[PDB]
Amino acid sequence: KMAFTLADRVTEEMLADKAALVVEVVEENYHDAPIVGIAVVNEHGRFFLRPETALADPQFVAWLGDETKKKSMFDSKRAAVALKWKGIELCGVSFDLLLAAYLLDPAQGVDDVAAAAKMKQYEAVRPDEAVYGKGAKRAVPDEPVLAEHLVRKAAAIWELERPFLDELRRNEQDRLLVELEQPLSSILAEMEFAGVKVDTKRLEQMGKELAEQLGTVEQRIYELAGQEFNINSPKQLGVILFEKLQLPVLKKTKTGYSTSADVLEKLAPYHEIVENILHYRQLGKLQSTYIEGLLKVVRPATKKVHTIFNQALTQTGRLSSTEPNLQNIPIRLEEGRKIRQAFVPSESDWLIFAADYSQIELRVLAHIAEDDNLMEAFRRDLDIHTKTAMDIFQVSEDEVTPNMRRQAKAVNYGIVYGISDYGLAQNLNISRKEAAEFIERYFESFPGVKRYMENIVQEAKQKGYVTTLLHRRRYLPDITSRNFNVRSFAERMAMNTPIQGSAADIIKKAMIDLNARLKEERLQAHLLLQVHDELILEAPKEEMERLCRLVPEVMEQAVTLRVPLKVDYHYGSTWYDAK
């Protein structure tokens, strides 16, 4: 029903200097995945290509790799990484409909061309789910059906770039697309394809010792409980604690007794079993997610894991990381932190280099709220978390344990993002009256923060949305809801999203500038991971001293705020030692 050429060879009119390009990878994880078909729409017509012909044709390969031949795409990172696994470089992507859609409205959850097209009343393309099926029924259709679907996606991309660019421009988001998100897409593609090497011998040895300690703690739990049970069974666990042992019920879930770690910590005066259960769960978490789960995704020939950074998922502009998640590798407990010893450089005589912003959201908040005292604090490079711990526990700076600092950290963010006196009383094990008075005293010292929280909620109600420093936008329709609980959740999004999102804009800008400086200095160093406010790189040993000067400077100069940005950095033989 749409005219296109089912091409047998590549011809010169398919290689125009501007085109819409579809390089179709059906598998959710695109690493090393098949490319099932290619479509090209340009001023000369519409074309479908079989991958085994086009990707072995040297004029098409060169066209893909020519930066001056501009391509409009949907999810260019997926295509660029799948092509890298084919030994082919994709350059010249000048418009990415996924990232355009995500900037205009992150809550659409746009995951295919049909969903983005609908935003502009374009419906001459089908949802990917309707063409391929779902679950065990998923299949590549017959070539005529495939070709027409890939041509329709390309034709849609071709039509939609202009209306998306126009709305982006009206939102002040077009430089955000073209100068930030789209260049970041190519950097993430390199990071994902390079991967992270893993010491599988060390992991597997940790797994065996973990399995030994797991059984022991099981038996101490069975003994303390009198009997056996499925320590992960909420009904059987709930029955042991709250019926057999008759511990108080501090919290219920929609399903029944809560056994979350906060409950169990409060029950520790009552019985020794709850601490063994916490230790059991923690050991089980390391074994399931970080030992077995990671060995499951290691590519065996290279011992590399290749995460996927979702760049158009979070409602704040943060990345997320999937399969494996390399943004939530343990660090706080020493047992879990040793897993970071299995993450190693990919070449001998290379090192891991990590750098991260300290207290970035509080600095962003100081700049945006223009709170005099909070700006002064950061102009002094004070450690707000340690200072707040000193205040809470009535101790001195040397007496601040790491755990009391983690506590103060959650108080600092909690208060600015709307924790109630109840919530803070629960977290510090203090009375509710002392929690309310503490909070009022915190805003006495930072009245500009309080003004800003009130102003940003009223601005959300008037505009319908909130924005970040680089004009990322999040719509908040529940901000005028009549239900109190719905409206309250939306108000705390208005308080938090401009700050967390601005901090995500800054690290993205820093990654782009870092890559350019690394190329300007001709270093072999390259990014491996982003963890929200940290960058992880690997480089030859011989470049570490350069990176110690270059990387903190690039990150600190990514933007100019009314307070300085501060960056800490470490390097070493494994990710564990890069702290």
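Start at 1 and count along the sequence shown; that's the residue number.
Taking the PDB entry as given, 224 to 232 carries the higher mean Cα B factor of the two stretches 224 to 232 and 160 to 168. Looking at mean Cα B-factors across 366 to 374 and 328 to 336, the upper value is held by 328 to 336.
Note on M119, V416, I187, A436: the highest value goes to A436, judged by CA B factor as recorded.
Highest C-alpha temperature factor among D111, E491, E123, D505, as the PDB entry reports it: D111. Annotation for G238: C-alpha temperature factor in the highest third relative to the rest of the modelled chain, per the entry. When the modelled residues of the chain are ordered by C-alpha B-factor, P300 sits in the middle third. Looking at the C-alpha B-factors along this chain, the one for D383 belongs to the middle third. Compared with the other modelled residues of the chain, the Cα B-factor recorded for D66 ranks in the middle third.
When the modelled residues of the chain are ordered by C-alpha B-factor, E24 sits in the lowest third.
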